[PDB]
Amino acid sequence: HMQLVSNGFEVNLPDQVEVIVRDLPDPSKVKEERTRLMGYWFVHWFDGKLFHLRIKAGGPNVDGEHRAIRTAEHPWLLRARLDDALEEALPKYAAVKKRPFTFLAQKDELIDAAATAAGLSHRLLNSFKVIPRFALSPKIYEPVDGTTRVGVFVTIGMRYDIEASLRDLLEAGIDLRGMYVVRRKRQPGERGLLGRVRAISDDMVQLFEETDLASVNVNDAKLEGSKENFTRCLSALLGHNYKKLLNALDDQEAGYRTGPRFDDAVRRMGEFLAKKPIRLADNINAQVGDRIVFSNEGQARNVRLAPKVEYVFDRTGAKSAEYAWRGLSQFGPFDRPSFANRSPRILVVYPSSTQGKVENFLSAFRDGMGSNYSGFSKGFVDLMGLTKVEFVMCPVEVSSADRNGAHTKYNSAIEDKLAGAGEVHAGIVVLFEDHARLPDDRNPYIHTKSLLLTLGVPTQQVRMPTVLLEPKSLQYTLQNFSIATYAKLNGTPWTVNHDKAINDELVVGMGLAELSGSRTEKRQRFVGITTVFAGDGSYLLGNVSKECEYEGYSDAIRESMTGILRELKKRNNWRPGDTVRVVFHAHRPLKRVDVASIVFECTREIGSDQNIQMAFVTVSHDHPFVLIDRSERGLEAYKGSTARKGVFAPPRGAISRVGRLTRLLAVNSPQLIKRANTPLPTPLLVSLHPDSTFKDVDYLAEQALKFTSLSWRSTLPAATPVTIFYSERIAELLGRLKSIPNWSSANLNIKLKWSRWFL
């Protein structure tokens, strides 16, 4: 876009500050000196050295060497001092966090405002609070390459908090049983979470899944400020008015979170922070400047709009579209000419009592909903170019009220049905809502997923509330169910475009899952790996991981890359002088040492005959940056609407430069924004590891964008590139399956090698 406005302001800083520097090779002394010199000096440890900035005349003295520190060369000093000085600039706002300074609005409280707007009241409602929370993050950025500056970035959220005495909630007739409670006050490094409520007898809450002690005094504990606890309290207290409160609260928040309202709030924060000089030290001021923009003015080259992603439906490119569903329904799937299994046999496993409902869903899915539900008129068979689909019906004698034996019944019925039947190529498993979230030792989702994956049969499962959706929602659910089921059968629904530049490119991602059976039990880490290859004008999904242990994960990345390089070379028969590029994706940066051994081992495997280029990229969701497109009017929220959605939301594929290694990428355009009250979106942050030998982060941001469009879980694009997302879905599944009796990964790389079984 021409000009993208950020949520940050320039901070005009002195061009240098004098400081006193002392060697301190042991960081553990810092906390003793910081305290010792409180109020008189700001101190900061960097690079084995203690840096001391005099904030005011007279107090303990410091020894060391005098140095002048030039802000252009070492912005880290004054960046850290700003964290404290912003706090000091706002003495009437109490820090609820430091670094970044985070604080509450003085008066605004939205429960009260929503209650008033809805016409509601209840004696305990003043004890439920939703309060705007602002943070001010000083960040280093580079308008133009080689030149640094510090800006202050403004972000807004809401603190949800339930102040109510547990005694008063019990006495007003809310059932506290099972609610998570936290300490009212926390000490330094003390935990918040205490456990769940078993009972309140006497002056004390009895807890289970406790973290430390098994009981705690009513007055030391509060319900955690979760949506679960708000809904459970307020629905009980307000009954059939609860809906009115909710819709009105949604309106209040929109007043802080939509584009023009966010923009206006950042404006007002800036004007407040600007009104005075912000003082860094006794005789040293900083000054909050203009809003930071991302533009191509005056030899800055800080923004671009990537072209639209093309959804690709053949090996050439004749058949492309801007949207997955419109492409698919028009051309059929990318692999239609070669797809091997025109007559899939699909086992359908379901509670016997849901038979008529399951038959209706199956008819809709297979044969279509017809021409009044135009999102899913024609059905899976014609959609995908198949000859037919045979269902093998597997009813299970199981009740929704059965909490302990549901998994056993599903599995027995599967075994018994399969033993007679011939080959089945996939299954659909239909699940009761009350079974969906049972613990894994008795969960029918995971037990049936396990048994059928062991047998080499991918499944697409579904809950009964989904089976029963009204037809206008059901059409969109059948789109997504269809896309994943076809992919489960080895199909390639679509690919995404790329330009033929170098002689081969491999992208590998890694994803984490952190699993436990409850919130009070320590999570265990598992990983997945997903690979994607450049093909002939479009990107192709490779093989995925079958092992999921987190320990050794850098070696597993290295092993995946070196094995695939070796096989890519044999296949493509690279010529002397060809260039091969390897890109890695994750939600965190790799270690420098691991980058070194990966590069070493990939370079040794490829050999001296080819050039290799390697990039290591972090994709970040939660950071302090927001992009505002003031040109964007937004769209009508539905047909004929004075309300707008995605007002000020940058276009999808907008790429802004933060610094040499970092870009912001806008993914959620007005079209994709859900409703009028949906907030201004945040972009993803794309960061290139400094040790990368391939350096074009613009190219890597556009590539990440394309990979969000490659998901076969949905017609709509994913939140993060499939290299990472598929890996998280694999890690979660494989880490759960680890503990399920009789699970074996043996078929994962045999019957299921081309099955997208993890979608």
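In case it trips you up, residue 1 is the first one in the sequence shown, and so on. The term rigid core refers to the maximal set of C-alpha atoms that superpose within 1.5 Å between the two forms.
In 7 other deposited structures of this protein, superposed on the rigid core, the segment with the larger root-mean-square CA displacement between 103-111 and 639-647 is 639-647.
Of the two segments 691-699 and 55-63, the one whose CA positions lie farther from the displayed form in 7 other deposited structures of this protein, once all are superposed on the rigid core, is 55-63.
For the two regions 44-52 and 726-734, the entry's Cα B-factors average higher over 44-52. Look at the C-alpha B-factors of 287-295 and of 550-558. On average they run higher in 287-295.
If you compare the C-alpha temperature factors of 324, 124, 446, 612 in the entry, 124 comes out highest. Of the candidates 709, 703, 35, 720, the PDB record gives 35 the highest C-alpha temperature factor. In the PDB entry, residue 131 places in the middle third of its chain by CA B-factor. For residue 683, the recorded CA B-factor ranks within the lowest third of the chain. Only modelled residues enter the ranking. Residue 11 sits in the middle third of its chain by CA B factor, as recorded in the PDB entry. For residue 544, the recorded CA temperature factor ranks within the lowest third of the chain's modelled residues. Placement of the Cα temperature factor of residue 645 within the chain: middle third of the modelled residues, per the deposited record.
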